[PDB]
Structure formats: C-alpha cells, structure tokens
>>> print(open('structure.txt').read())   # compact mmCIF, C-alpha atoms and all ligand atoms
# COMPACT_ATOMS: atom_id res chain seq x y z
CA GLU R 2 43.79 19.17 28.22
CA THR R 3 44.15 17.27 31.48
CA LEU R 4 46.62 14.62 32.61
CA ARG R 5 45.88 12.63 35.75
CA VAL R 6 48.74 11.32 37.90
CA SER R 7 48.54 8.58 40.53
CA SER R 8 50.95 7.36 43.21
CA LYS R 9 52.18 4.70 40.76
CA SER R 10 52.63 6.95 37.70
CA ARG R 11 56.17 7.06 36.32
CA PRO R 12 57.54 10.65 36.44
CA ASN R 13 59.45 10.32 33.15
CA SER R 14 56.45 8.95 31.26
CA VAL R 15 54.16 11.73 32.54
CA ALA R 16 56.88 14.31 31.79
CA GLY R 17 56.93 13.15 28.17
CA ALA R 18 53.17 13.62 27.92
CA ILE R 19 53.40 17.07 29.55
CA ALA R 20 56.14 17.98 27.08
CA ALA R 21 54.20 16.77 24.03
CA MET R 22 51.13 18.77 25.07
CA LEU R 23 53.25 21.85 25.84
CA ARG R 24 54.78 21.71 22.35
CA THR R 25 51.38 21.44 20.69
CA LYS R 26 48.77 23.27 22.80
CA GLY R 27 51.23 25.41 24.74
CA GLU R 28 49.57 24.44 28.02
CA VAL R 29 48.22 21.55 30.01
CA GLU R 30 46.76 20.81 33.41
CA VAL R 31 47.99 18.06 35.74
CA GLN R 32 45.78 16.77 38.56
CA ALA R 33 46.69 14.55 41.49
CA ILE R 34 44.96 13.27 44.62
CA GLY R 35 46.99 12.50 47.72
CA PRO R 36 50.66 13.03 48.78
CA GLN R 37 52.22 10.34 46.58
CA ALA R 38 50.32 11.29 43.42
CA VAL R 39 51.15 14.95 44.09
CA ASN R 40 54.81 14.04 44.62
CA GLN R 41 54.97 12.04 41.39
CA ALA R 42 53.28 14.97 39.62
CA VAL R 43 55.81 17.57 40.81
CA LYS R 44 58.72 15.32 39.73
CA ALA R 45 57.13 14.91 36.33
CA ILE R 46 56.76 18.67 35.81
CA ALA R 47 60.36 19.17 36.90
CA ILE R 48 61.51 16.49 34.45
CA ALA R 49 59.35 17.98 31.68
CA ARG R 50 61.51 21.13 31.79
CA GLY R 51 64.38 18.96 30.54
CA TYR R 52 62.36 17.61 27.61
CA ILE R 53 61.32 21.04 26.33
CA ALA R 54 64.51 23.06 27.02
CA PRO R 55 65.93 21.68 23.74
CA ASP R 56 62.89 23.19 21.95
CA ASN R 57 63.64 26.56 23.49
CA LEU R 58 60.81 26.36 25.97
CA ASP R 59 60.46 26.42 29.69
CA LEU R 60 57.30 26.41 31.77
CA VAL R 61 55.60 28.03 34.71
CA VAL R 62 53.10 26.40 37.01
CA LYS R 63 50.25 27.60 39.22
CA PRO R 64 48.78 25.16 41.78
CA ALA R 65 45.15 25.26 42.93
CA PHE R 66 42.68 23.06 44.81
CA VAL R 67 40.01 21.35 42.77
CA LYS R 68 37.22 18.93 43.56
CA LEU R 69 37.48 15.67 41.64
CA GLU R 70 36.12 12.18 42.10
CA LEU R 71 37.87 9.05 43.33
CA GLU R 72 35.61 5.96 42.90
CA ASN R 73 32.53 8.20 42.93
CA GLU R 74 33.19 10.08 46.15
CA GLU R 75 34.22 13.75 45.76
CA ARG R 76 37.82 14.41 46.83
CA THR R 77 39.91 17.56 47.18
CA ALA R 78 42.76 17.33 44.64
CA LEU R 79 45.65 19.52 43.55
CA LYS R 80 45.90 20.72 40.00
CA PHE R 81 48.80 22.36 38.23
CA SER R 82 47.99 24.77 35.44
CA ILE R 83 51.09 24.65 33.26
CA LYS R 84 52.00 27.27 30.67
CA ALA R 85 54.86 27.17 28.17
CA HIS R 86 57.11 30.23 27.85
CA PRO R 87 59.62 30.82 25.02
CA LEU R 88 63.33 31.13 25.89
CA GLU R 89 64.13 33.07 22.72
ZN ZN Y 101 58.95 32.48 31.63
>>> encode(input="structure.txt", output="structure tokens")
Amino acid sequence: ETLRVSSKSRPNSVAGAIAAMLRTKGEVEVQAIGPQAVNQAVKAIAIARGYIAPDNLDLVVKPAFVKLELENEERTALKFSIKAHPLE
C-alpha cells in the first residue's frame, strides 16, 4: 500500500498511518518528491517507531529512487519500503 507525503504533511499524522498499515499488512511504502517532503517522510517513519514499539514491533526501511508524476510531468522521487519486524 502506498502513502504519499508532501512538504506540508504532518509527521505525526503520517506516522499514525504508517503504524496502522504496519500493524495490519506488515509493510507499507512511503513516497516523497523534493527535500521538504522527503524530510517530513523521514520524521514520520522515525515517529512511527514510537507508535508500534508498544505492539512489540519495530521497522526497517530501504530507500530507492522511483519515477512518479507531479502535475503530469514525470519526476524522480524517493520511496521508502518499510517492513515490520517483531521484537519478541
Ligand atoms: Zn529487525
């Protein structure tokens, strides 16, 4: 499942969505275009570790480049493939 983050996204809100998906599907992908959206995305993933720790879960991430579209042009974006790992 994919979650898109922009420069105005709120880290905590996105983190909650990452957490919910990690608890259900066990994985999720986060995509962002540009420095600010990427920054907000990293913060969100970092915060998401705090939401799932209580559920005995942590996560690992793998970044990659991916071509997406921003108002119909093609743009190079960064995506984070996130996987949940059990702590016990
Ligand atoms: Zn692990």
>>> residues_near_ligand(input="structure.txt", ligand="ligand ZN 101 (chain Y)", cutoff="8 Å", atoms="all atoms listed in the file", output="list in words")
residues 59, 60, 61, 85, 86, 87 and 88 of chain R
>>> residues_around(input="structure.txt", residues="range 25-38 of chain R", least_positions_apart="5", cutoff="9 Å", atoms="all atoms listed in the file", output="PyMOL selection string")
chain R and resi 2-10+19-20+43+46+60+67+69+71+76-86
>>> closest_residue(input="structure.txt", among="R:45, R:39, R:58, R:65", to="residue 24 in chain R", atoms="only C-alpha atoms")
R:58
>>> atom_distance(input="structure.txt", atom1="CA of residue 56 in chain R", atom2="CA of residue 17 in chain R")
13.2 Å
>>> atom_distance(input="structure.txt", atom1="CA of residue 64 in chain R", atom2="CA of residue 50 in chain R")
16.7 Å
>>> atom_distance(input="structure.txt", atom1="CA of residue 15 in chain R", atom2="CA of residue 63 in chain R")
17.7 Å
>>> decode(input="structure.txt", residues="range 27-50 of chain R", atoms="N, CA, C and O atoms", output="PDB file, in the first residue's frame")
ATOM      1  N   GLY R  27       1.729  -5.373   7.664  1.00  0.00           N
ATOM      2  CA  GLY R  27       3.097  -5.722   7.994  1.00  0.00           C
ATOM      3  C   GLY R  27       4.128  -4.994   7.151  1.00  0.00           C
ATOM      4  O   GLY R  27       5.332  -5.219   7.300  1.00  0.00           O
ATOM      5  N   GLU R  28       3.661  -4.126   6.258  1.00  0.00           N
ATOM      6  CA  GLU R  28       4.559  -3.355   5.399  1.00  0.00           C
ATOM      7  C   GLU R  28       3.807  -2.216   4.741  1.00  0.00           C
ATOM      8  O   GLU R  28       2.577  -2.199   4.697  1.00  0.00           O
ATOM      9  N   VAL R  29       4.563  -1.267   4.218  1.00  0.00           N
ATOM     10  CA  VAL R  29       3.973  -0.123   3.554  1.00  0.00           C
ATOM     11  C   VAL R  29       5.098   0.617   2.883  1.00  0.00           C
ATOM     12  O   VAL R  29       6.257   0.514   3.292  1.00  0.00           O
ATOM     13  N   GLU R  30       4.746   1.358   1.841  1.00  0.00           N
ATOM     14  CA  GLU R  30       5.710   2.150   1.095  1.00  0.00           C
ATOM     15  C   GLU R  30       5.364   3.639   1.246  1.00  0.00           C
ATOM     16  O   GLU R  30       4.196   4.027   1.200  1.00  0.00           O
ATOM     17  N   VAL R  31       6.377   4.467   1.454  1.00  0.00           N
ATOM     18  CA  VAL R  31       6.167   5.902   1.587  1.00  0.00           C
ATOM     19  C   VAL R  31       6.944   6.563   0.460  1.00  0.00           C
ATOM     20  O   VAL R  31       8.110   6.240   0.234  1.00  0.00           O
ATOM     21  N   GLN R  32       6.294   7.476  -0.255  1.00  0.00           N
ATOM     22  CA  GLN R  32       6.931   8.166  -1.373  1.00  0.00           C
ATOM     23  C   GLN R  32       6.922   9.666  -1.123  1.00  0.00           C
ATOM     24  O   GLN R  32       5.982  10.205  -0.533  1.00  0.00           O
ATOM     25  N   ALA R  33       7.967  10.338  -1.588  1.00  0.00           N
ATOM     26  CA  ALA R  33       8.084  11.775  -1.404  1.00  0.00           C
ATOM     27  C   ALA R  33       8.895  12.394  -2.527  1.00  0.00           C
ATOM     28  O   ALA R  33       9.872  11.808  -2.980  1.00  0.00           O
ATOM     29  N   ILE R  34       8.499  13.585  -2.962  1.00  0.00           N
ATOM     30  CA  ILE R  34       9.220  14.290  -4.015  1.00  0.00           C
ATOM     31  C   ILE R  34       9.751  15.611  -3.482  1.00  0.00           C
ATOM     32  O   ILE R  34       8.985  16.448  -3.007  1.00  0.00           O
ATOM     33  N   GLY R  35      11.065  15.793  -3.556  1.00  0.00           N
ATOM     34  CA  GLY R  35      11.661  17.023  -3.069  1.00  0.00           C
ATOM     35  C   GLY R  35      12.167  16.931  -1.637  1.00  0.00           C
ATOM     36  O   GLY R  35      11.667  16.132  -0.848  1.00  0.00           O
ATOM     37  N   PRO R  36      13.147  17.768  -1.269  1.00  0.00           N
ATOM     38  CA  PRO R  36      13.771  17.833   0.055  1.00  0.00           C
ATOM     39  C   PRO R  36      12.807  17.889   1.242  1.00  0.00           C
ATOM     40  O   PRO R  36      12.903  17.085   2.169  1.00  0.00           O
ATOM     41  N   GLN R  37      11.881  18.844   1.215  1.00  0.00           N
ATOM     42  CA  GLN R  37      10.934  19.002   2.312  1.00  0.00           C
ATOM     43  C   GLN R  37       9.988  17.830   2.508  1.00  0.00           C
ATOM     44  O   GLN R  37       9.715  17.453   3.652  1.00  0.00           O
ATOM     45  N   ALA R  38       9.486  17.264   1.410  1.00  0.00           N
ATOM     46  CA  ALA R  38       8.588  16.117   1.500  1.00  0.00           C
ATOM     47  C   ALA R  38       9.379  14.899   1.991  1.00  0.00           C
ATOM     48  O   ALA R  38       8.860  14.072   2.740  1.00  0.00           O
ATOM     49  N   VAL R  39      10.638  14.801   1.568  1.00  0.00           N
ATOM     50  CA  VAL R  39      11.500  13.698   1.981  1.00  0.00           C
ATOM     51  C   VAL R  39      11.805  13.827   3.478  1.00  0.00           C
ATOM     52  O   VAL R  39      11.803  12.840   4.218  1.00  0.00           O
ATOM     53  N   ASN R  40      12.047  15.060   3.909  1.00  0.00           N
ATOM     54  CA  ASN R  40      12.353  15.365   5.300  1.00  0.00           C
ATOM     55  C   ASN R  40      11.156  14.979   6.168  1.00  0.00           C
ATOM     56  O   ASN R  40      11.293  14.231   7.129  1.00  0.00           O
ATOM     57  N   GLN R  41       9.978  15.473   5.806  1.00  0.00           N
ATOM     58  CA  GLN R  41       8.765  15.150   6.531  1.00  0.00           C
ATOM     59  C   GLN R  41       8.540  13.640   6.573  1.00  0.00           C
ATOM     60  O   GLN R  41       8.050  13.108   7.574  1.00  0.00           O
ATOM     61  N   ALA R  42       8.892  12.948   5.491  1.00  0.00           N
ATOM     62  CA  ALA R  42       8.710  11.499   5.434  1.00  0.00           C
ATOM     63  C   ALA R  42       9.633  10.771   6.415  1.00  0.00           C
ATOM     64  O   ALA R  42       9.195   9.866   7.115  1.00  0.00           O
ATOM     65  N   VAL R  43      10.904  11.162   6.459  1.00  0.00           N
ATOM     66  CA  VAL R  43      11.846  10.532   7.377  1.00  0.00           C
ATOM     67  C   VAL R  43      11.399  10.731   8.832  1.00  0.00           C
ATOM     68  O   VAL R  43      11.430   9.799   9.628  1.00  0.00           O
ATOM     69  N   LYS R  44      10.968  11.938   9.173  1.00  0.00           N
ATOM     70  CA  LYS R  44      10.484  12.214  10.532  1.00  0.00           C
ATOM     71  C   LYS R  44       9.317  11.301  10.856  1.00  0.00           C
ATOM     72  O   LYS R  44       9.234  10.738  11.949  1.00  0.00           O
ATOM     73  N   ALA R  45       8.395  11.175   9.904  1.00  0.00           N
ATOM     74  CA  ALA R  45       7.229  10.336  10.132  1.00  0.00           C
ATOM     75  C   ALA R  45       7.610   8.884  10.421  1.00  0.00           C
ATOM     76  O   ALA R  45       7.048   8.264  11.318  1.00  0.00           O
ATOM     77  N   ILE R  46       8.549   8.342   9.653  1.00  0.00           N
ATOM     78  CA  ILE R  46       8.970   6.957   9.854  1.00  0.00           C
ATOM     79  C   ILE R  46       9.630   6.799  11.219  1.00  0.00           C
ATOM     80  O   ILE R  46       9.441   5.788  11.901  1.00  0.00           O
ATOM     81  N   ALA R  47      10.406   7.803  11.609  1.00  0.00           N
ATOM     82  CA  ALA R  47      11.076   7.795  12.901  1.00  0.00           C
ATOM     83  C   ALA R  47      10.016   7.827  14.002  1.00  0.00           C
ATOM     84  O   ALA R  47      10.118   7.099  14.988  1.00  0.00           O
ATOM     85  N   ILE R  48       8.997   8.672  13.836  1.00  0.00           N
ATOM     86  CA  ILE R  48       7.949   8.748  14.841  1.00  0.00           C
ATOM     87  C   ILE R  48       7.127   7.461  14.863  1.00  0.00           C
ATOM     88  O   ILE R  48       6.696   7.023  15.929  1.00  0.00           O
ATOM     89  N   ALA R  49       6.933   6.837  13.702  1.00  0.00           N
ATOM     90  CA  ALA R  49       6.145   5.607  13.649  1.00  0.00           C
ATOM     91  C   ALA R  49       6.738   4.488  14.517  1.00  0.00           C
ATOM     92  O   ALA R  49       6.016   3.608  14.983  1.00  0.00           O
ATOM     93  N   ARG R  50       8.046   4.522  14.742  1.00  0.00           N
ATOM     94  CA  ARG R  50       8.686   3.503  15.578  1.00  0.00           C
ATOM     95  C   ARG R  50       8.164   3.609  17.014  1.00  0.00           C
ATOM     96  O   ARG R  50       8.108   2.617  17.742  1.00  0.00           O
TER      97      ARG R  50
END
